[PDB]
Every structure is written in C-alpha cells, then in structure tokens.
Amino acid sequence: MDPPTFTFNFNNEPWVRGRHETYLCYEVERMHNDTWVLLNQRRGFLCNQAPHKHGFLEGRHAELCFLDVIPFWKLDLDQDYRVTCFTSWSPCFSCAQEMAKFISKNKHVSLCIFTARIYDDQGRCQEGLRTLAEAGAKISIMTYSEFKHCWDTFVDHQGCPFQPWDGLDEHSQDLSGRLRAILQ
C-alpha cells in the first residue's frame, strides 16, 4: 500500500469527507495446540470493489471481499487460528452479520477487528457491531499501536518510520468512548 493512500484512508479525523472506500489489512496466526504462542501464517490487504457493469453490479464491500479470499485460499480447517483485521471503516450492518455468521459456523477462527473510524449509518450499523461482538468477535478502535503496526507491515514506507498525525490519540480516545457506548 502506498503511503498517501494509507494516510488518507486510515486518518482518524471524524470527517466523512472523501473516504468513500474501506481498506482492510489482515494477518493470520495459527493457535498452536501445545504452547501459548501464535505462528505466522499469512497477511495481505484489500479494499472494496466499487459498483461496476463488468464486475459486481451492486458493488462488493471490503468485508465481503475479505470473506471471499479466506475460502481454502488459505489452508487446514481442523486447527485454531487468530484472524486480525485493520479496517479504515467499521463494517456495515449487512457485512457485520456476514462476518458474525462466519465466526459462528467456524469456531476454529478467533476474529479481532480493529477499525480506524466507525462507519455507523446511525441506523442498523450499531446493531451490527453488537451482533458481531455477540458472535464472539473482538471489535476495537485502532490506536497509535495498531496504526504503527499497519504502517510497518502493510505500507511501502521505503524505510520511513511511522509519523503520527496531530490529534491521532485524541480521536482514537473519542472513538473508543463511542464504540464502548454502542456496544453497551
């Protein structure tokens, strides 16, 4: 992922101004049946698929595309895995139920979703996040740590260390208060 795209998409300044896409970075770690440790399996990122006459007519949300790539495009099936997602926006109502379905029917997948901004259409989105948590997914807001991790792991930084934008911590704190209230 190029630096301008990351910084533009994962900036946590409340404004819904220009950010019409949803980027999603994922990491997969095998549980390991004996010890306490996790094993690196794979990683990657993706974004939504805008409506297109030569593709998905009704559009393809990043969350749906993510679930599309999991299907045995990875491996195993009888092992426990940790799946972590860093998304620029939290899932819509429809994608939340879809992800909640996945983790409910699988059991061998621990899903942790870290989001930069909280979609919240003020309608059913809030309910969707409660459904995902009910399903056992960890839903949390990205802080300095998650932003830096993604920068170091998913960005072509060309050696440049991560440089936090002003207010990152502030917006991160506020969003955390809103999410905690949404859930409970």
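Start at 1 with the first residue shown and count on from there.
- As recorded in the PDB entry, 39-47 is the stretch of 58-66 and 39-47 with the greater mean C-alpha temperature factor.
- Checked against the record, the higher mean CA B factor of 161-169 and 11-19 lies with 11-19.
- Across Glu134, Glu146, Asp152, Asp121, the greatest Cα temperature factor reported in the deposited entry is at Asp121.
- The residue among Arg117, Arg130, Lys138, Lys53 whose C-alpha carries the highest B-factor in the deposited model is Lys53.
- The entry lists a Cα temperature factor for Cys95 that places it in the middle third of the chain's modelled residues.
- In this PDB entry, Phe86 carries a Cα temperature factor that places it within the lowest third of its chain's modelled residues.
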